[PDB]
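To start, the structure under review is shown below, and the notes come after it.
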Amino acid sequence: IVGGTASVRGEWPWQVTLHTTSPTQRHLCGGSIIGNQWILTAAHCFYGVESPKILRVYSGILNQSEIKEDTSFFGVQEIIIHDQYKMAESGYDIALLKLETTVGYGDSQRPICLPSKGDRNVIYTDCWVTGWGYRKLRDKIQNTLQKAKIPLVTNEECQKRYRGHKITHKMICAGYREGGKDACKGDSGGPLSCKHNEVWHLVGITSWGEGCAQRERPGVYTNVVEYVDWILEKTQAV
Ligand SMILES: COC(=O)Nc1ccc2c(c1)N[C@@H](C(F)(F)F)CCCC[C@H](NC(=O)/C=C/c1cc(Cl)ccc1-n1cnnn1)c1ncc-2[nH]1
């Protein structure tokens with residue numbers, strides 16, 4: 001996160017850190033708890049990932065230093081990638097992780113609500129991007145979960161900012177015209193959380209941008225409201 005500040009413990013209880021175990025253990029991507037055995041994240045996180053066996057999901061983490069060999073985690077039973085996904089810049093950048101065990105909900109780990117189909121017509125004015133990613137292009141993963149408040153940008157304005165790309169309504173953009181606040185390397189897969197009528201909604205999944213926090217380069221997120229039926233198809237399968 002560029003231009004953010006330290007989160008407080010329990011502030012983003014749906015935020016997870018997804019770690020890879022091969023060749024050595026390290027943070028891979030962010031993610032969001034959406035159900036007691038479900039993590040919603042970005043499809044591009046699994047590039048080269050040949051098996052769910054190398055994945056570890058940690059919930060209830062403020063600091064990456066809380067993670068050692070004796071720290072409990074959730075194993076991943078299955079990686080579900082949207083089957084229209086090709087690359088982050090073309091959209092469909094969404095994936096689900098089916099956990100091997102159930103998350104016990106508490107004040108440290110709980111799910112974020114998905115947006116409603118009717119809420120597609122609502123204007124969100126209180127949106128935050130969170131993660132352990134870089135503070136600038138050449139940096140390192142941060143120990144403490146960071147947060148940054150960012151305004152949503154219309155599809156028309158985002159398309160103006162990305163000449164040469166096709167910004168679809170399945171993407172949602174966020175950033176200041178002058179830049180300064182954004183997601184950066186290591187934040188992808190994490191949430192873009194918006195508070196509406198005292199309820200937090202998972203509005204976006206951190207996907208891509210041209211550089212980090214640059215002037216007139218909004219962050220591009222998977223527009224979660226456009227995938228509610230796809231998520232329900234995969235998580236509510238009979
Ligand atoms: C010690 O642990 C470690 O250093 N972990 C570590 C470190 C860095 C990484 C990473 C793991 N993840 C990638 C990989 F390949 F390293 F595993 C996979 C994932 C590959 C893509 C990922 N993209 C983002 O996270 C966000 C991009 C992004 C999103 C928005 Cl909304 C705006 C601007 C953006 N940026 C433009 N340029 N940079 N950001 C990333 N790139 C490097 C990493 N992640």
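Residues in the structure tokens are numbered from 1 in each chain, the chains being A, B, ... in the order shown, and ligands are numbered from 1 in the order shown.
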Residues of chain A that have any atom at most 8 Å from an atom of ligand 1: could you tabulate them with the shortest-distance atom pair and the distance in Å to one decimal, using only C-alpha atoms and all ligand atoms, ordered by chain and increasing number, as JSON lines?
```
{"residue": "A:20", "atom": "CA", "partner": "ligand 1", "partner_atom_place_in_ligand_line": "17 (F)", "distance": 8.0}
{"residue": "A:26", "atom": "CA", "partner": "ligand 1", "partner_atom_place_in_ligand_line": "2 (O)", "distance": 4.5}
{"residue": "A:27", "atom": "CA", "partner": "ligand 1", "partner_atom_place_in_ligand_line": "2 (O)", "distance": 4.5}
{"residue": "A:28", "atom": "CA", "partner": "ligand 1", "partner_atom_place_in_ligand_line": "11 (C)", "distance": 4.2}
{"residue": "A:29", "atom": "CA", "partner": "ligand 1", "partner_atom_place_in_ligand_line": "12 (N)", "distance": 5.7}
{"residue": "A:44", "atom": "CA", "partner": "ligand 1", "partner_atom_place_in_ligand_line": "19 (C)", "distance": 6.3}
{"residue": "A:45", "atom": "CA", "partner": "ligand 1", "partner_atom_place_in_ligand_line": "19 (C)", "distance": 4.6}
{"residue": "A:46", "atom": "CA", "partner": "ligand 1", "partner_atom_place_in_ligand_line": "18 (C)", "distance": 7.4}
{"residue": "A:47", "atom": "CA", "partner": "ligand 1", "partner_atom_place_in_ligand_line": "18 (C)", "distance": 7.3}
{"residue": "A:133", "atom": "CA", "partner": "ligand 1", "partner_atom_place_in_ligand_line": "25 (O)", "distance": 6.6}
{"residue": "A:134", "atom": "CA", "partner": "ligand 1", "partner_atom_place_in_ligand_line": "8 (C)", "distance": 7.5}
{"residue": "A:137", "atom": "CA", "partner": "ligand 1", "partner_atom_place_in_ligand_line": "38 (N)", "distance": 6.0}
{"residue": "A:140", "atom": "CA", "partner": "ligand 1", "partner_atom_place_in_ligand_line": "4 (O)", "distance": 6.0}
{"residue": "A:141", "atom": "CA", "partner": "ligand 1", "partner_atom_place_in_ligand_line": "4 (O)", "distance": 5.4}
{"residue": "A:173", "atom": "CA", "partner": "ligand 1", "partner_atom_place_in_ligand_line": "31 (Cl)", "distance": 7.8}
{"residue": "A:174", "atom": "CA", "partner": "ligand 1", "partner_atom_place_in_ligand_line": "31 (Cl)", "distance": 7.7}
{"residue": "A:182", "atom": "CA", "partner": "ligand 1", "partner_atom_place_in_ligand_line": "32 (C)", "distance": 6.0}
{"residue": "A:183", "atom": "CA", "partner": "ligand 1", "partner_atom_place_in_ligand_line": "30 (C)", "distance": 4.6}
{"residue": "A:184", "atom": "CA", "partner": "ligand 1", "partner_atom_place_in_ligand_line": "39 (N)", "distance": 3.7}
{"residue": "A:185", "atom": "CA", "partner": "ligand 1", "partner_atom_place_in_ligand_line": "25 (O)", "distance": 3.6}
{"residue": "A:186", "atom": "CA", "partner": "ligand 1", "partner_atom_place_in_ligand_line": "25 (O)", "distance": 3.6}
{"residue": "A:187", "atom": "CA", "partner": "ligand 1", "partner_atom_place_in_ligand_line": "25 (O)", "distance": 4.1}
{"residue": "A:188", "atom": "CA", "partner": "ligand 1", "partner_atom_place_in_ligand_line": "25 (O)", "distance": 3.6}
{"residue": "A:189", "atom": "CA", "partner": "ligand 1", "partner_atom_place_in_ligand_line": "25 (O)", "distance": 7.3}
{"residue": "A:206", "atom": "CA", "partner": "ligand 1", "partner_atom_place_in_ligand_line": "31 (Cl)", "distance": 4.7}
{"residue": "A:207", "atom": "CA", "partner": "ligand 1", "partner_atom_place_in_ligand_line": "29 (C)", "distance": 4.9}
{"residue": "A:208", "atom": "CA", "partner": "ligand 1", "partner_atom_place_in_ligand_line": "29 (C)", "distance": 3.6}
{"residue": "A:209", "atom": "CA", "partner": "ligand 1", "partner_atom_place_in_ligand_line": "33 (C)", "distance": 3.7}
{"residue": "A:210", "atom": "CA", "partner": "ligand 1", "partner_atom_place_in_ligand_line": "36 (C)", "distance": 5.2}
{"residue": "A:211", "atom": "CA", "partner": "ligand 1", "partner_atom_place_in_ligand_line": "36 (C)", "distance": 4.1}
{"residue": "A:212", "atom": "CA", "partner": "ligand 1", "partner_atom_place_in_ligand_line": "33 (C)", "distance": 4.6}
{"residue": "A:213", "atom": "CA", "partner": "ligand 1", "partner_atom_place_in_ligand_line": "33 (C)", "distance": 6.9}
{"residue": "A:218", "atom": "CA", "partner": "ligand 1", "partner_atom_place_in_ligand_line": "32 (C)", "distance": 7.0}
{"residue": "A:219", "atom": "CA", "partner": "ligand 1", "partner_atom_place_in_ligand_line": "31 (Cl)", "distance": 3.5}
{"residue": "A:220", "atom": "CA", "partner": "ligand 1", "partner_atom_place_in_ligand_line": "31 (Cl)", "distance": 4.6}
{"residue": "A:221", "atom": "CA", "partner": "ligand 1", "partner_atom_place_in_ligand_line": "31 (Cl)", "distance": 5.7}
```
Contacts of segment 96-103 of chain A at 12 Å (only C-alpha atoms; same-chain gap of 5+ positions) as a PyMOL selection string: chain A and resi 13-14+16+18+30-46+51-53+55-60+72-83+108-111+189+205+227+230-236
Please give the complete set of residues from segment 82-206 of chain A that DSSP, run on the backbone, assigns to strand (DSSP E), formatted as a count of residues only. 34
DSSP on the backbone, helix (DSSP H, G or I) only: what residues of segment 134-168 of chain A does that give? Format it as a list in words.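 Selecting the helix (DSSP H, G or I) positions of segment 134-168 of chain A gives residues 155, 156, 157, 158, 159, 160 and 161 of chain A.
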When you look at residue 54 of chain A with a cut-off of 10 Å (counting only C-alpha atoms), what residues show up, excluding the ones that are within fewer than 5 positions of it in the same chain? I need them as a list in words. residues 19, 20, 21, 22, 23, 24, 25, 49, 75 and 76 of chain A
Just to be explicit: take each residue in the selection above, keep N, CA, C and O atoms, and write the result as a compact mmCIF listing (two decimals), in the first residue's frame.
```
# COMPACT_ATOMS: atom_id res chain seq x y z
N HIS A 19 0.13 -17.52 1.85
CA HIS A 19 1.56 -17.84 1.75
C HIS A 19 1.75 -19.03 0.86
O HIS A 19 0.90 -19.93 0.75
N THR A 20 2.89 -19.03 0.20
CA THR A 20 3.33 -20.14 -0.61
C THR A 20 4.44 -20.77 0.21
O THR A 20 5.14 -20.06 0.95
N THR A 21 4.61 -22.07 0.10
CA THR A 21 5.56 -22.90 0.82
C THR A 21 6.79 -23.32 -0.04
O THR A 21 7.83 -23.64 0.52
N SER A 22 6.68 -23.31 -1.38
CA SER A 22 7.71 -23.73 -2.35
C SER A 22 8.28 -22.57 -3.15
O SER A 22 7.50 -21.81 -3.72
N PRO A 23 9.62 -22.37 -3.21
CA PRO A 23 10.69 -23.20 -2.61
C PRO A 23 10.86 -22.98 -1.11
O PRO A 23 11.27 -23.91 -0.41
N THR A 24 10.55 -21.76 -0.61
CA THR A 24 10.59 -21.38 0.82
C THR A 24 9.27 -20.65 1.13
O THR A 24 8.62 -20.15 0.21
N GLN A 25 8.87 -20.58 2.41
CA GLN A 25 7.62 -19.91 2.74
C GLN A 25 7.71 -18.40 2.67
O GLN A 25 8.61 -17.78 3.25
N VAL A 49 1.53 -21.70 -9.88
CA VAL A 49 1.10 -22.51 -8.73
C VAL A 49 0.45 -23.77 -9.28
O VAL A 49 -0.64 -23.72 -9.86
N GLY A 75 -5.31 -24.98 5.45
CA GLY A 75 -4.85 -25.64 4.23
C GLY A 75 -5.87 -25.36 3.15
O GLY A 75 -7.03 -25.04 3.44
N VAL A 76 -5.47 -25.48 1.89
CA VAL A 76 -6.37 -25.25 0.76
C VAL A 76 -6.68 -26.60 0.09
O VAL A 76 -5.78 -27.32 -0.35
```
From atom CA of residue 94 of chain A to atom CA of residue 149 of chain A the spacing works out at 22.5 Å
Which residue out of A:122, A:127, A:225, A:112 has the minimum interatomic distance to residue 195 of chain A when only C-alpha atoms are used?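 Selected residue with least distance to residue 195 of chain A: A:127.
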How many Å separate atom CA of residue 9 of chain A from atom CA of residue 136 of chain A? 23.6 Å
Using only C-alpha atoms for the distances, tell me which of A:190, A:204, A:175, A:118 is nearest to residue 217 of chain A.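 Answer, going by the shortest atom-to-atom distance: A:175.
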